[PDB]
Amino acid sequence: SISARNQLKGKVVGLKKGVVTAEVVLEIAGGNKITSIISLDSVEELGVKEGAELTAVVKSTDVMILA
Amino acid sequence: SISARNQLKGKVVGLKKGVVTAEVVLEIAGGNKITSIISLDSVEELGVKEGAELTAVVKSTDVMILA
Amino acid sequence: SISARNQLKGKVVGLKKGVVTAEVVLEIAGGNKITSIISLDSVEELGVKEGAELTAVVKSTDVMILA
Amino acid sequence: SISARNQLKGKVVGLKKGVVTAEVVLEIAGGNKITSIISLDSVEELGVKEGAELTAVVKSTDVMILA
Amino acid sequence: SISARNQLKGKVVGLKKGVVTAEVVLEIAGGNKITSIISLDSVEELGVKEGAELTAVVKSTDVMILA
Amino acid sequence: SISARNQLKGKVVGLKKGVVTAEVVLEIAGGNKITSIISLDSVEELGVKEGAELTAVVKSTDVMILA
């Protein structure tokens, strides 16, 4: 278990690979979408591809509130 | 509009105020919960309180992927 | 209103687009310059281009102090 | 020199100490204010105090753009 | 497995609890120390305490380079 | 001196340059490896290259704990 309190299960619905990073779009429950930019190495290692079941993890101090 | 692509609508179900920061917990669609730690100053200025409808925003580079 | 307490108005003076991300340079008051790396999708969506008036937003917990 | 491309000189106009963190407010050129939340331990070691001339540093990937 | 490429095993040598967050200090291989500020809720749930063997994880986009 | 409490001295053992960003892999004491994604401008400016002695700097609120 990791300290990051946001752990949202999702399915990949978009993937764009660059040279250093890749953009991963996950659909999570309720139809929300989360977009992640991570290293291309991690995409490759985790075998990220359309339909993959993965979890989006965000540290609490990175979540802003919009009112 | 802001460049942060993740905007998750939610309702505050928990709030703990510290001296410098506060922890806000939002229930989002599908029952997922998002936890945010922001400055106490912002909580006050945005009038964040239990039950409030608000939106969590996260920059894509802050979203990690777990497999 | 967003919780991020740093909101600096600026004008775009530099833009470099990659495949996933783009680098945006804003000149803010007093001659300071802020450089941002964000998703290319956002640049495109916000119509970022030289001279555009935009605001740089930074969460407090991301600001370091150098003495 | 550090890779963080944003280095903004300023003067501390506010300081609030908590137990683990502290909020530092710096006035920068043009009157902009930058707000930083850092560890209390750092405030102590860098001798951060009201009126001190200090520099705020932000990594480019933490700067969002608002339009 | 998670996309965050940096995973550093360590032993807790310091722990300071606040109301919202907690500061965890880990000694890692070679004697380097890593300092983490996470939510108090997580410290409790992961049962973080002095002497515990734990792993520090950091997303690559959060590591700055200083020369 | 900078407020970020993690300052890990290391040597570059991997470098991959993209158009906006670059991935830098540093070996630090004890054989630990740190991977950083930073702006290509900074890579160029700091003259990052294999064997360079540099320091990985991470803010405490970016360090997660895995148990």
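When the chains are written out, they are named A, B, C, D, E and F in that same order, and each has its own residue count from 1.
Here is the rule we go by: contacts are C-beta pairs under 8 Å (C-beta built on N, C-alpha and C of every residue); 3 or more make two chains touch, one makes a residue touch a chain.
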| item | value |
| --- | --- |
| Reference interface D-E: repeating pair among B-D, B-C or A-E with over half of contacts shared | B-D |
| CA centroid of chain A to CA centroid of chain C, Å | 23 |
| Euclidean distance of C-alpha centroids - chain A vs chain B, Å | 17 |
| Separation of mean Cα positions, chain F and chain D [Å, integer] | 22 |
| Centre-of-Cα separation between chain D and chain A, whole angstrom | 30 |
| In chain B, residues with contacts to at least two other chains | 1-5, 18-19, 21, 23, 35-39, 41-42, 46, 57, 59-62, 64-67 |
| Chain contact graph, described as a line, ring, star, complete graph or other shape | other |
| Residues of chain D defined as touching chain C within the complex | 4-8, 23-24, 26, 28-32, 34-38, 42, 46-48, 52, 54-67 |
| Residue ranges of chain F touching chain D (in the complex, touch as defined) | 1-3, 5, 36-39, 41-43, 45-46, 57, 59-61 |
| Residue numbers on chain D that touch chain B, as the complex places them | 16-19, 21-23, 35, 37, 61-62, 64-67 |
| Chain B contact footprint on chain E (complex, rising order) | 1-4, 18-21, 39, 41, 59, 61 |
